[PDB]
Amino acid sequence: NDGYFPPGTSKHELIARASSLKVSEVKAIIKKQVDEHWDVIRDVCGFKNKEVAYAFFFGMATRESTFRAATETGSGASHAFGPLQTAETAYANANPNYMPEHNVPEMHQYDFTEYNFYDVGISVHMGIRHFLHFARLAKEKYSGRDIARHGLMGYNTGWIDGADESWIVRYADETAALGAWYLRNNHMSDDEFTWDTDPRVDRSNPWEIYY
């Protein structure tokens, strides 16, 4: 039951309706997916509880889209849509040159179709799956916070290793810090959001809250 909008909704309407979703509604979509997939999320990432897992994915929504669910960027393998900026590489049958993601059997891999790419519900499901693809690769060589940290580097770059430490900080550590703002300031359900570089956000020891 992953799709949010009616099957058959046009591309234009999927985008327009995503654009009009309230922040609280995007948070609810993310929570639904985290609830549905908690066991695999916990097994891969070792997050302490569902609440901090919600916050982690709110951090991703913040870093990727500033909670603007109709955000669309990139080209080819980087072409991404939705609150988590789910790339085409997440999807089954998208392009023969995309590296396969057959290591998350706990989550269905939706086919690459207009509805599956542009529906916010499918997009969020697939973003979580795509992140777990890379986090599971990271767990082969990393532990603790480094699973999620390098999983995020894979999500954004295609590669769990080899990014600059300064992008690990500006992208992955930023994501962790942004997510914690929601938990610490009672924004887990309301329409409030933070943003990349917001000076209010506490960036010290940004991973500790999750474990």
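Residue numbers here begin at 1 and follow the sequence given.
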Of the two stretches 180-188 and 47-55, which shows the higher Cα B-factor on average in the entry? 47-55
Mean C-alpha temperature factor, higher of 62-70 and 35-43: 35-43
Of the three thirds of its chain by CA temperature factor, lowest, middle or highest, which one includes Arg136? middle
Within this chain, which third does the Cα B-factor at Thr194 fall in: lowest, middle or highest? lowest
Where does the C-alpha B-factor of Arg145 rank in its chain, lowest, middle or highest third? highest
In terms of the chain's CA B-factor thirds, is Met153 lowest, middle or highest? lowest
Can you tell me which third, lowest, middle or highest, the CA B-factor of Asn116 falls into for its chain? highest
